[PDB]
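This report concerns only the one structure given below.
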Amino acid sequence: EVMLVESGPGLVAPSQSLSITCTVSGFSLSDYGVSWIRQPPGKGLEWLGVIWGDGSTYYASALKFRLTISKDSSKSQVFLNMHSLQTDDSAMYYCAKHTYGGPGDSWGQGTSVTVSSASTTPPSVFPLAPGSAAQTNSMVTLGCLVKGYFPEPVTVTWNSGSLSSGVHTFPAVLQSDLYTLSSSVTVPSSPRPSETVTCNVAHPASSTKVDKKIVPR
Amino acid sequence: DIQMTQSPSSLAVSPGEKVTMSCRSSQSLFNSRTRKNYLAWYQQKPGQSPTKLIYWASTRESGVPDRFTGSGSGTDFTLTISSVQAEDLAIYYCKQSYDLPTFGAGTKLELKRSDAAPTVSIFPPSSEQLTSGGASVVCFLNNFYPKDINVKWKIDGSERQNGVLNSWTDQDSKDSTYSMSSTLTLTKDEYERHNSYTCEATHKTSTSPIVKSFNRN
Ligand SMILES: [Zn+2]
Ligand SMILES: [Zn+2]
Ligand SMILES: [Zn+2]
Ligand SMILES: [Zn+2]
Ligand SMILES: [Zn+2]
């Protein structure tokens, strides 16, 4: 079956090179073409280029001589390389399996890439537990605050995923060079504190992970 | 270069209804040789990567439901969903493939449902955040509707404007509601000088805004 996974840096400084790898599974790069599409934070899709089967490459006129696409059939990978970077290049990068015209077109999960001078910094994870004695009820909402990181993105799950129902993870808001996000989870009063509730935060750009169990105030 | 102008920007509809969006290309996308129009429609659900719904202006991809229908030729095309369901919540894009792929600005399809009052939760700063000199008070407003809701923070009865960051989750495609996070960021210094901390959620759903608050002591 088809599988495309892109691997990139996460944070790259302006005027530096950017290299993203797209590893494919279940098909030959010699039979299908592979293009690159980007999407700036909260904006539309921008086609960057494509590497065809016969090996021919085509790029978007916008980034004429700044972008290059190549591949290694042995390694079963395609690479996007960009130089003379601009902060506008900050975006989610996707590789997609395409054909001349027809069925197949399947995209990868994409990778986030930010072009900036800011230095990458890991997040601080604070537990958001209830008022203690201010409001009992059937439902109870716990939280997890993630602040002070750079760059995006950050990942949050509750109880390593076993708890995904009634979860609300809010988008990050840039707060002066650093990012802040929060996630809430609502559960029955029967579970917490009885059964345990932990949020798991992952910040790949800093190769960090934090588990914070939510304990009664 | 080919420019794709899409419309409408955003559409609001009730489950079961029907809607259409148009895509107009700066030039004909009809290829005389293959007698084909190179235009496709992509669906991007909140948080996932785009998925092609239709290729060659009117050919549903493998697995796409019948309610999705595309048409047009030359410079004018349109997409239609027979009975817009909940899972249809997403942003729709059209891509022309006559010359160097280009994407439309996109069409944001949202769902309409009945007014719903938010479930509000207030969280004082955590013991461990305090120890670092920071003091965030968090307020969660969950599962409400419509989107436009306001949040006012009141420190000791005085409305504070500085240090508030707000985040709205994409529309939940299950209950069609929204959720938002409100964070009042203060220094441990100013936080410990005041005592009453409140979060007010005034919304259409109620003449009297929903209030939740606490006191440090
Ligand atoms: Zn060729
Ligand atoms: Zn150059
Ligand atoms: Zn090799
Ligand atoms: Zn919800
Ligand atoms: Zn003061």
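In what follows, chains carry the letters A, B, and so on, assigned in the order in which the sequence lines appear, proteins first and then strands, with residues in each chain numbered from 1.
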side-chain contact (heavy atoms from CB on, under 4.5 Å) against B/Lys18, all qualifying residues, sequence neighbours excluded
B/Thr20, B/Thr80

Note, B/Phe144 side chain near B/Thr177 side chain (heavy atom, < 4.5 Å)
no

Are side-chain heavy atoms of B/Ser121 and B/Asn142 found at a separation under 4.5 Å?
no

Between CZ of B/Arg160 and OG1 of B/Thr185, what distance do you get to the nearest 0.5 Å?
11.0 Å

Taking only residues at least two apart or on different chains, which pairs with a member in residues 114-143 of chain B satisfy ring pair (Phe, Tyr, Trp, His ring centres under 6.0 Å)?
A/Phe170-B/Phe140, B/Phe123-B/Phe140

Side-chain H-bond candidate by donor/acceptor type, A/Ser112 with A/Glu152, under 3.5 Å:
no

Nearest heavy-atom pair of A/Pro122 and A/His203: which atoms, and what distance?
CA-ND1, 3.7 Å

Would you say the side-chain atoms of B/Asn31 pair up with the backbone N or O of B/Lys36, donor to acceptor, closer than 3.5 Å?
no

Using a 4.5 Å cut-off on heavy atoms from C-beta on, say whether the side chain of A/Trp158 contacts that of A/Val187.
no

Please table the atom pairs, donor to acceptor, closer than 3.5 Å between any side-chain atom in residues 63-72 of chain B and protein atoms at least two apart or in another chain.
| unit_1 | atom_1 | unit_2 | atom_2 | d |
| --- | --- | --- | --- | --- |
| B/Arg67 | NE | B/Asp88 | OD1 | 3.4 |
| B/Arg67 | NH2 | B/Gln85 | OE1 | 3.4 |
| B/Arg67 | NH2 | B/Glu87 | OE2 | 2.8 |
| B/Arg67 | NH2 | B/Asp88 | OD1 | 3.4 |

Interatomic distance, B/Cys139 atom SG to B/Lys212 atom NZ [nearest 0.5 angstrom]
10.0 Å

Apply side-chain contact (heavy atoms from CB on, under 4.5 Å) to residues B/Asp1 and B/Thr102 and explain how you reach the verdict.
CA-CA 9 Å; B/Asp1 59 60; B/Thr102 289; over 6 Å; no

Does the side chain of A/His168 come under 3.5 Å of the side chain of B/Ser179 through a donor N or O and an acceptor N or O?
yes

Qualifying residue, where the test is side chain to side chain contact (heavy atoms under 4.5 Å, CB included) with A/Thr120 and the options are A/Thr208, A/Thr114, A/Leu11
A/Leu11

What do you reckon, is CE of A/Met139 surrounded by more than 12 foreign heavy atoms closer than 6.0 Å?
yes

Identify all side-chain donor-acceptor contacts of residues 47-66 of chain A below 3.5 Å with residues at least two apart in sequence or on another chain.
| unit_1 | atom_1 | unit_2 | atom_2 | d |
| --- | --- | --- | --- | --- |
| A/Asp54 | OD1 | A/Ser56 | N | 2.9 |
| A/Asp54 | OD1 | A/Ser56 | OG | 2.8 |
| A/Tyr59 | OH | A/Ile69 | N | 2.8 |
| A/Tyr59 | OH | A/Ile69 | O | 3.4 |
| A/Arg66 | NE | A/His83 | O | 3.4 |
| A/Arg66 | NE | A/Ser84 | O | 3.0 |
| A/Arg66 | NH2 | A/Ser84 | O | 2.9 |
| A/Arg66 | NH2 | A/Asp89 | OD2 | 2.5 |

Between A/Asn81 and A/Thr68, a side-chain donor and acceptor under 3.5 Å
no

Got a donor-acceptor contact below 3.5 angstrom from the A/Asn159 side chain to the A/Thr198 backbone?
yes

Is the shortest side-chain heavy-atom distance between A/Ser7 and A/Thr111 below 4.5 Å?
no

Taking the side chain as every heavy atom from C-beta outward, state whether B/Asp99 and B/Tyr38 have any pair of such atoms under 4.5 Å apart.
no

What I'd like to find out is whether the side chain of A/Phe126 reaches to under 4.5 Å of the side chain of A/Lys212, using heavy atoms alone.
no

Looking at every non-hydrogen atom in both residues, tell me the closest pair between B/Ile122 and B/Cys199 and how far apart they are.
CD1-CB, 3.6 Å

Can you sort out the partners of B/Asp170 under salt bridge (charged side-chain N to carboxylate O under 4.0 Å, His left out), two or more places apart, ordered by chain and number?
B/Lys108

I'd like to know if the side chain of A/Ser189 and the backbone of A/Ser138 have a donor-acceptor N/O pair within less than 3.5 Å.
yes

Do B/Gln96 and B/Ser25 meet the criterion of a side-chain donor-acceptor pair at a distance under 3.5 Å?
no

Does some side-chain heavy atom of A/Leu80 sit less than 4.5 Å from a side-chain heavy atom of A/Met82?
yes

Looking only at side-chain N and O atoms, does A/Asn200 offer a donor or acceptor that is under 3.5 Å from a partner on A/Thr157?
yes

Checking the side chain of A/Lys71 only, and the main-chain atoms of A/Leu29 only, is there a donor and an acceptor separated by less than 3.5 Å?
yes

Is the number of heavy atoms from other residues, nucleotides or ligands within 6.0 Å of CG (A/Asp177) greater than 12?
no

Which residue pairs pass the ring pair (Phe, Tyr, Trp, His ring centres under 6.0 Å) test with at least one member in residues 76-98 of chain B, sequence neighbours excluded?
none

Once you round to the nearest 0.5 Å, how far does NZ of B/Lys147 lie from OH of B/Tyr178?
5.5 Å

If you look at every heavy atom in A/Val125 and A/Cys199, which pair is closest and at what distance?
CG1-SG, 4.3 Å

Mind checking the OG-CG spacing from B/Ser182 to B/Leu165? Nearest 0.5 Å is all I need.
8.5 Å

Derivation and outcome, side-chain contact (heavy atoms from CB on, under 4.5 Å), residues B/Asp175 and B/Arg113
CA-CA 8 Å; B/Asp175 57 46; B/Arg113 79 157 261 165; 4.1 Å; yes

If you count heavy atoms of other groups shown closer than 6.0 angstrom to CD of A/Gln109, is the number above 12?
no

Check step by step if side-chain contact (heavy atoms from CB on, under 4.5 Å) holds for B/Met180 and B/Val151.
CA-CA 10 Å; B/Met180 94 152 262; B/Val151 173; 3.9 Å; yes

Does the side chain of B/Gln129 come under 3.5 Å of the side chain of B/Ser126 through a donor N or O and an acceptor N or O?
no

Is any side-chain heavy atom of A/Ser90 less than 4.5 Å from a side-chain heavy atom of A/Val115?
yes

Passes side chain to side chain donor-acceptor pair (under 3.5 Å), B/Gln6 versus B/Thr107? Steps please.
CA-CA 7 Å; B/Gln6 211 174 306; B/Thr107 303; 2.7 Å; yes

Salt bridge or not for B/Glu200 and B/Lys152, using N-O below 4.0 Å?
no

May I have the step-by-step check of side-chain contact (heavy atoms from CB on, under 4.5 Å) for B/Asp76 and B/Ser22, ending in yes or no?
CA-CA 7 Å; B/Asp76 285 52; B/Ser22 69; over 6 Å; no

Working to the nearest 0.5 angstrom, can you tell me the gap between A/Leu4 CG and A/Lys97 NZ?
8.0 Å

Look up atom CZ in A/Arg38 and atom NZ in A/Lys43, then write down how far apart they are to the nearest 0.5 Å.
11.0 Å

So does A/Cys95 get a backbone contact from the side chain of A/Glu6, meaning a donor-acceptor N/O pair under 3.5 Å?
yes

With a 3.5 Å cut-off and no angle check, do the side chains of A/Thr141 and A/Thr186 form a donor-acceptor pair?
yes

Looking at A/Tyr179, I want to see if its OH is surrounded by more than 12 non-hydrogen atoms of other residues, nucleotides or ligands under 6.0 Å.
yes

Looking only at heavy atoms, what is the nearest atom pair of A/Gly102 and B/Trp56, with distance?
N-CZ2, 4.3 Å

